[PDB]
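Spelled out from the first residue to the last, the chains are:
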Amino acid sequence: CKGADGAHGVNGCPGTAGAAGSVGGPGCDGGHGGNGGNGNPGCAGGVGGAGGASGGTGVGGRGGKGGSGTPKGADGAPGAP
């Protein structure tokens with residue numbers, strides 16, 4: 001079982017940030033961060049959301065992928081395993 005993944009960011013000018021993944025409830029893995037939005041031409045990409053922490057399973061969430069753009073968004077950092 002796993003916490004909810006974060007919503008992706010919106011494509012736009014700029015692409016917006018992906019949301020952080022939710023913490024894993026007791027006995028659950030961390031949720032994955034949302035991918036960042038992609039920037040329209042000339043616009044920055046959104047950062048990926050961070051991953052959520054594990055609820056004692058040793059499995060944290062993945063970070064989201066950054067959005068493409070000028071400049072691109074960074075990936076989110078993973079959650080605590």
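Residues numbered from 1 in each chain as written, not as in the entry; some residues may be left out. Heavy atoms only, no water.

- As recorded in the PDB header, X-ray crystallography is the method behind this entry, and the stated resolution is 0.98 Å.

- In the annotation of the PDB entry, the chain is listed under the name 6.5 kDa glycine-rich antifreeze protein and assigned to Hypogastrura harveyi.
- Per the PDB header, the title for this entry is "Crystal Structure of the Snow Flea Antifreeze Protein".

### Observations regarding the overall build of the chain
At step 1: Broken down by element type, the chain carries 0 helices and 0 strands.
At step 2: Taken along its principal axes, the extent of the C-alpha atoms in the chain is 45 × 15 × 10 Å.
At step 3: Taking all 81 residues of the chain together, the buried fraction comes to 38%.
At step 4: When contacts within the chain are restricted to residue pairs at least 6 apart in sequence, those whose partners lie at least 24 apart make up 61%.
At step 5: Accessible area for the chain stands at about 3900 Å²; split by element, carbon and sulfur atoms hold 58% of it. (Helix = DSSP H or I, 4+ residues; strand = E, 2+ residues; numbered from the N terminus. Buried < 20%, exposed > 50% of the residue type's maximum accessible area, 1.4 Å probe, protein only. Contact = heavy atoms within 4.5 Å. Areas by Shrake-Rupley, 256 points an atom, 1.4 Å probe, with all protein chains shown as cover.)

### Some points on the environment of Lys65
At step 1: Spatially, the C-alpha atoms of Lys65 and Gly21 are 12 Å apart, while their sequence positions differ by 44 residues.
At step 2: Excluding anything up to four places from it in sequence, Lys65 contacts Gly34, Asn35, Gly36, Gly48 and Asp75.
At step 3: Of the polar contacts made by the side chain of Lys65, one reaches the side chain of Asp75; its length is 2.9 Å. (Polar contact = N/O pair within 3.5 Å; in protein donor to acceptor, adjacent residues only side chain to side chain.)

### A short note on the environment of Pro78
At step 1: Taking relative accessible area as the criterion, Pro78 reaches 59% and is therefore assigned exposed.
At step 2: Distance in space between the C-alpha atoms of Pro78 and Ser22 is 12 Å, their sequence separation being 56 residues.
At step 3: Each residue touching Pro78, except ones within four places of it in the same chain, is listed here: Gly51, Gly61, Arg62 and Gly63.

### Side note on the side chain of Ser54
At step 1: Residue class for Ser54 comes out buried when judged on its relative accessible area of 18%.
At step 2: Among the polar contacts made by the side chain of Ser54, one reaches the main-chain amide nitrogen of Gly56 at a distance of 3.2 Å.
At step 3: Apart from residues lying up to four places away in sequence, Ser54 is in contact with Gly24, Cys28, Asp29, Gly30, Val59, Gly60, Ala80 and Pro81.

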